[PDB]
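[1] Once you've seen the sequence and the experimental structure below, I've got questions.
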Amino acid sequence: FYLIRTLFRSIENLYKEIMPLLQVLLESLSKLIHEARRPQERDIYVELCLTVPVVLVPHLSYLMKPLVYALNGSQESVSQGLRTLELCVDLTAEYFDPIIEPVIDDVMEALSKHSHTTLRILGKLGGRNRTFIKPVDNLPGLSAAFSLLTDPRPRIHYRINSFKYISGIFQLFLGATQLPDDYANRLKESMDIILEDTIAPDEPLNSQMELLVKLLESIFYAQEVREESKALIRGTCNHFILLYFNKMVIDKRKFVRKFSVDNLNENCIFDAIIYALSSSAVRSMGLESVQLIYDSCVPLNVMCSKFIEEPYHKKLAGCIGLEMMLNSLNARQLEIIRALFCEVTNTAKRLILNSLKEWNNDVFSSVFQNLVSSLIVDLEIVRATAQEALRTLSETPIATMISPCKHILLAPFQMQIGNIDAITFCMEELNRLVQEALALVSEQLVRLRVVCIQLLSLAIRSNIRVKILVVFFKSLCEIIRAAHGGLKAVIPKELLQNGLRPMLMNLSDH
Amino acid sequence: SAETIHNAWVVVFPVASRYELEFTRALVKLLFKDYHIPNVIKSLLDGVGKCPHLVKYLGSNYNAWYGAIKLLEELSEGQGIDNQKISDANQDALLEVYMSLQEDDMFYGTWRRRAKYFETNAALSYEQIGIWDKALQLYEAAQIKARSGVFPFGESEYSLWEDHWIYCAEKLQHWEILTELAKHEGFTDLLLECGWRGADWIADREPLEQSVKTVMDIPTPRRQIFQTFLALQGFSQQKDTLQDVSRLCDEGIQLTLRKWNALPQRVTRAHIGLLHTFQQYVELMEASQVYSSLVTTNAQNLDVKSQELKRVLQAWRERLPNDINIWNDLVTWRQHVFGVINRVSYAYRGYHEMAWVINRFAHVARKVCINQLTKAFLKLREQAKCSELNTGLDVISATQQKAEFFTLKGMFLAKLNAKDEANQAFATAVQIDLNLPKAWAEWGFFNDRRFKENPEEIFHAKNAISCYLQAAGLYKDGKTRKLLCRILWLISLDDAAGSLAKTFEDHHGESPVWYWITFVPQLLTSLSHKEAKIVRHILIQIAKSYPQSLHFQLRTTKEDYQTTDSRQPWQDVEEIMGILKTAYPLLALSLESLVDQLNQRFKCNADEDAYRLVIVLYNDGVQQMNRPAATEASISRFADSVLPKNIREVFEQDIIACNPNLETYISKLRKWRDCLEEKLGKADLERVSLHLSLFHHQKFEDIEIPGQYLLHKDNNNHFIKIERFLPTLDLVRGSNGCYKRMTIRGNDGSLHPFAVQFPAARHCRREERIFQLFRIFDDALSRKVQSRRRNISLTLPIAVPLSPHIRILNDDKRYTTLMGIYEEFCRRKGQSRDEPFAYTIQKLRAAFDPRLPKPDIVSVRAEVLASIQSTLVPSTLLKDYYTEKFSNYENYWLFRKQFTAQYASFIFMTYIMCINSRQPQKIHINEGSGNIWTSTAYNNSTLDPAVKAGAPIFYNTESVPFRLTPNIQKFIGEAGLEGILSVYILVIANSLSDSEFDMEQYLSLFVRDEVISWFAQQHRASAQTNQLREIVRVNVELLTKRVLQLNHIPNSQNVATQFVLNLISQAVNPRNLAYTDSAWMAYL
């Protein structure tokens, strides 16, 4: 209780976030107790906190939530919510989590259900890739019969050795296998015992986002990668912004250049595609040979799946081909997406902000300030990292910059540095002071009230707003009443005596 | 280290098996390269390396996978007939090679019903379940015997044989065993060996296991499953029989299930038979071996594996079900009673309770030969385990009251009328006894309606039958319980407000809501009569203090949507607001504040964006005032990163050309007209609305999301709050109305969105009542034993309408219909805006001399219709858009199945009840999913007889509205109406016979009275008789005249294909489509 509550509630995040898997699994694997509020509050808080901020968090949270949530006693809301959230976030993956989640899920569901099976199975039933993404060291006639029997016209060409040799060799060679216990009856019986299918259905299925997200994420999430990504991003952004800014009228000065400098397939494509596809080497060989031959003589799965010897050719070929092909024929998406995702944000934001802000005049400041403030303020780590990095890196307009800190911080370590740095560094008054002070009202109330009251009262009509808002809010009305009344009233004798006597009398008489 | 290098290097590099690739690549490459003496190398290398040439490379390089059926079947079936003169090889090879596997439907129906003569297409194509299959055989035999110019078609012969076995399946196994002596290598051994095994049968079981296992090619797992189950089953007690049989294979056969991963068709299929056979055989063999090996009488076999094993195995196995699986699993898994009962209470309860599921499930789910051909201690089990013959034979061998009253009343009630006969037997037999279920609904509804239809004093006694409805107060509920609401109509035949005052108030107030909160709809329409009390206290108190959040949508939407009218809202809103506000706390503070602020926050902007305001202000001001001080107003307001290059061209041309004379007018007119016209949206709620914020989701209020909060669907579940999203709300493209598509992001499992269709409707809020007709489709869910599982249920959404003109639709992937996607997708590409009908009608109608001197013809239509109506815009748009929009088998199969099922189910289910519109603005769709969601005089007969007032007026007036598309009506699906006749004829003809329930309440309440002008309908429909025709004459005449018939002498009933052939032939032509008169002027 003290170790799980102090270690799980006191949370540099790799040791504290990863200590609960080995500590809770090894400490709880001895068949003991310590549950109720600890397993229920730890499973609900771990599932809500771990699922509210959505590769180590999914594997550690999904692989660690089953060990601490599947070792309790009863099967009420903690088993359905914890098993539905942990099983819905990740099911049959990470090898160990697949063989460790099916035994506890099937044993706990069958043992605990032998009304919970209908609500848990019907409310937690999900048709995914369970029958095709299982394997785990386990171990035909439609195309051959239809394709081989649909033709057979014109003349004759045996058409007997292929069907006889393919049918006899495929049936005789495929009809005999071998296995050695291991985990075949448990995975086959446990994974195949769930007979509750509900048809199939699920149709759904179905250019700047792929090139900007792939080029910005692959070039910014990568020497040759830093020099090619920085030179390609700086040359493409400076050449696209300078070439698309519509300038160069009739100036008499200089410094108005540096815009552009950079400028048999059947045998290689057929031999490389047929030889490489008729045998991870197909994506690197086909993408590198097709990208090098096509780019030198004249896609998102390989660069996106390989960028996270094939990384230099895939990232250089995909970034050079996508940047050259997409730029040889939008600054807020590329600059915000490329600078909002630590040296790439400071180098790209400082180089793009210093070069773009120093290379120019009201269109650049108004368009850059309005697009950067609206795009950066209009958008859990993406909002705090993008808002804190863009606001802190671009702030070196009080309603838009003061409303996002109180509204974003009050509607939900980055909140204290971002709100304290932006509010303390960013500093008609009746609407903003009465609306922000009356609408902003445990650290958010003391920090916003102390910072706004100290900065507004020390940086220099509040009787009507404080008396009407305090009298209407305090007279118009378990933690919301005590926290709002005590925090809003601890900062007119009938309203104070009659309105304050119920808190001390009711709170002290119980 | 062009077709010779790729064919020789690719075909010769693979030889350093491999017969289909070398033979198909060498024969196709040698025949195509030798007979074509450039797109195969680029399409095959680019299409095969990037992931005719794509279907052969992707369909042949997968080593015969599951995805090759779409490329091989589509490429091999895309061109067969209507080419030169070869059609027997393409039709027989395409129909025989494509009419197999598992996925067929349209392929089996079209290939088996539209190929050559097809004499067995009536019984074979109209069979399906096997109803008309009884005869089918006769027809086949007849043709065979006759011949004399027959088309052979052995396949047909074999089909006939299979049908025969099916018919004689199980029950008729007597003669089927004779097939084991001749025809039946697997059917006689599997049916005869699986339908009745023995104890000391070593030669009979060794031949099937040793002869039905040689490869064994389990794919095709009939011989392997039958040989493995028959060889592993049977309690022989041979010491190491269960250990050797369960240790040698058993689990290894489960590896064959992995082969199903190479062919997922369909979903379960083999998983239910392999998992049920392996789990039932392993559990029955382990339980029978342990119980049979642990002695018995010597310690009475103890316990353990008895109550828990028999109750858990019998309850889970008998209760966990879904035809062949129930009869094969129940008949083949009943071998445990012989081993446990022969070596001696579980055999009688398990065998008698488990053996009765095939008769009730097969007879109740197969509904004519199944129920008639599949069906003092011996009198109860023999007489209970299964007009004078039913009562004498069923009573000569409580069940007497329900069987005699239900059989005599149900079998003697039609006939036609009722009056007496079953009145004394139904009222006397249903007005006593104790517990009853079907007697209260059948005898209560038939006796109450037939007895109360005369409207006299004795009919008041029928009100006492309403007390029998109290017996249904503890019998669960269900959709059939809604039929009990029809009993409330019997109150209309009562006196004033008494009669059932103590029974209705005490019975309705002493129980729960049930049908007083989950039904609603029609219950929200009874307000002008005496509906202010009676069930108002029990419905308001139970629905407001028992159903939790249930009356917020009906009370807020009904009370906020709309001198008795001015005084009814103050008394109803004051009494409901006072009793509810004094009942809860705050009755609904979050629903009233969130619904009032969110629903009333659309009054202030209510605006457009920057392109519409800058283009409308600059174009209206410059165009209205023109017929660098003024140029700075459009640049300061149009700078929103949406003017490219309108801001650079207009600012550079206008700022650089602000002198002379011709440069200012030409540069200002060309730059202002081209820049202002070439950029002519967004919605920012944070700088206009500013309500969602502190609607902070209202600091996480205790309210459910809009759409997923009902009393029946998703009730008592994970009801959490919705966090919504930001404020960047974009409109849906740009049609006639500003569709404000909101976003409702829910981190607690409610990530979705919203929509708004501005504020306009046809019949105002009353038009929303038409949406209640869609709820009638939900009644199909109460009568779909096979259409719900075979048709993937049906399309349905969540649309919460606000106020009297707002609608909250659900958009999963934007929104697109027929006119939006067809006009927007077909009017794009090149320079097009108002062509097709405008260019063809204006050019064709204005190309000649307008006089017209004198008729002429100038015919007619005719060639002018084919040249000014059929000018492309049909097969190219549907074939190029549908064929080019798909990229794999999931897009083609999901788009074709979803488009055919959604178009056939939406057109057949929405083309009735005076809604048969052949134009647009009706059955809409989306994008990734589809769907379709967006007199004479009086002459009254007074009373007494009412079976002679059938005035059928036939006068065509106005109507029209039956044109436009058409177009790709016969080419948008698959060979016209090939696959739509099975689902449309089976789903439309499967109902309208039983399980009506909601009919007179929805038809009479929704059709009475007429809207608007309540004068002739309200003053003429207020009589004192039984039915007043209207809904009964229109529903009985349209349903009876349109659904006739279903049975005959030699299985020759209309529709069949009479509705599709008569509707398609009488609705898709030239004079029928140009002369209107589609559904006889909307019926009307």
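    Here it is on my side, so go on. Numbers count the residues shown, from 1 in each chain, chains lettered A, B, ... in the order given.
[2] what sits against residue 167?
    Because you didn't say which chain, this covers chain A. Residues in contact with residue A:167 (CB atoms under 8 Å, 6 or more residues apart in numbering or on different chains) are A:141, B:217. Where you see a C-beta, it was placed from the backbone N, CA and C, and this is true even at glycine.
[3] Let me rephrase: I mean chain B.
    B:130, B:133-134, B:137, B:369.
[4] And it, how far from residue B:109?
    21 Å (CB to CB, to the nearest Å).
[5] Get me the contact residues on the stretch 201-350 of chain B for chain A.
    The stretch 201-350 of chain B has residues B:215-220, B:251-252, B:254-255, B:257-259, B:261-264, B:266-268, B:271-272, B:274-276, B:278-279, B:312, B:320 near chain A, with proximity defined as CB under 8 Å from any CB of the partner chain.
[6] Now, of those residues, which are buried?
    Among these, those buried by neighbour count (16 or more other CB atoms under 10 Å in any protein chain shown) are B:215-219, B:251, B:254-255, B:257, B:259, B:263-264, B:268, B:271-272, B:274-276, B:278-279.
[7] where's the residue in the stretch 801-950 of chain B that chain A sits nearest to, which helix or strand?
    At 3.8 Å from chain A, residue B:894 is the closest residue in the stretch 801-950 of chain B, using CB to the nearest CB. Residue B:894 is part of helix B:889-910 when elements are defined by DSSP states H and E.
[8] How about residue B:683?
    Assigned by DSSP H and E, residue B:683 belongs to strand B:682-684.
[9] so, in contact with chain A or not, that strand?
    No: judged by CB under 8 Å from any CB, strand B:682-684 and chain A are separated, with a smallest distance of 8.8 Å.
[10] Pretty sure residue B:966 sits against residue B:1073.
    Yes: shown here, residue B:966 and residue B:1073 form a contact pair, counting by CB atoms under 8 Å, at 5.7 Å.
[11] can you list residues touching both of the two?
    residue B:918.
[12] Buried residues, the helix holding residue B:894. List them.
    So helix B:889-910, judged by 16+ other CB under 10 Å, has buried residues B:889-906, B:908-910.
[13] With stretch A:189-197 instead?
    Neighbour-count burial for stretch A:189-197 [16+ other CB under 10 Å]: A:189-192, A:194, A:197.
[14] Can you add distance to chain B and secondary structure and give the residues you listed back as CSV?
    Output for the buried residues of stretch A:189-197, formatted as CSV (distance: CB to the nearest CB, whole Å; DSSP: H, G, I helix; E, B strand; the rest coil):
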residue, distance to chain B, secondary structure
A:189, 7, helix
A:190, 11, helix
A:191, 10, helix
A:192, 5, helix
A:194, 9, coil
A:197, 4, coil
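[15] What helices and strands are in contact with the helix or strand encompassing residue A:109?
    In this structure, residue A:109 sits in helix A:96-113 according to DSSP H and E. Where contact means 3 or more CB pairs under 8 Å, 6 or more residues apart in numbering or on different chains; DSSP states H and E, helix A:96-113 is packed against helix A:56-69, helix A:77-89, helix A:116-124, helix A:184-192.
[16] Report the buried residues of it.
    Quick answer for helix A:96-113 (16+ other CB under 10 Å): A:97-98, A:100-102, A:105-106, A:108-109.
[17] tell me what the lengthiest helix in chain B is packed against?
    Of all the elements of type helix in chain B, the one with the most residues (DSSP state H) is helix B:270-293. Applying 3+ CB pairs under 8 Å, 6+ apart, we find helix B:270-293 packed against helix A:184-192, helix B:222-232, helix B:241-248, helix B:251-254, helix B:307-319, helix B:324-332, helix B:336-342.
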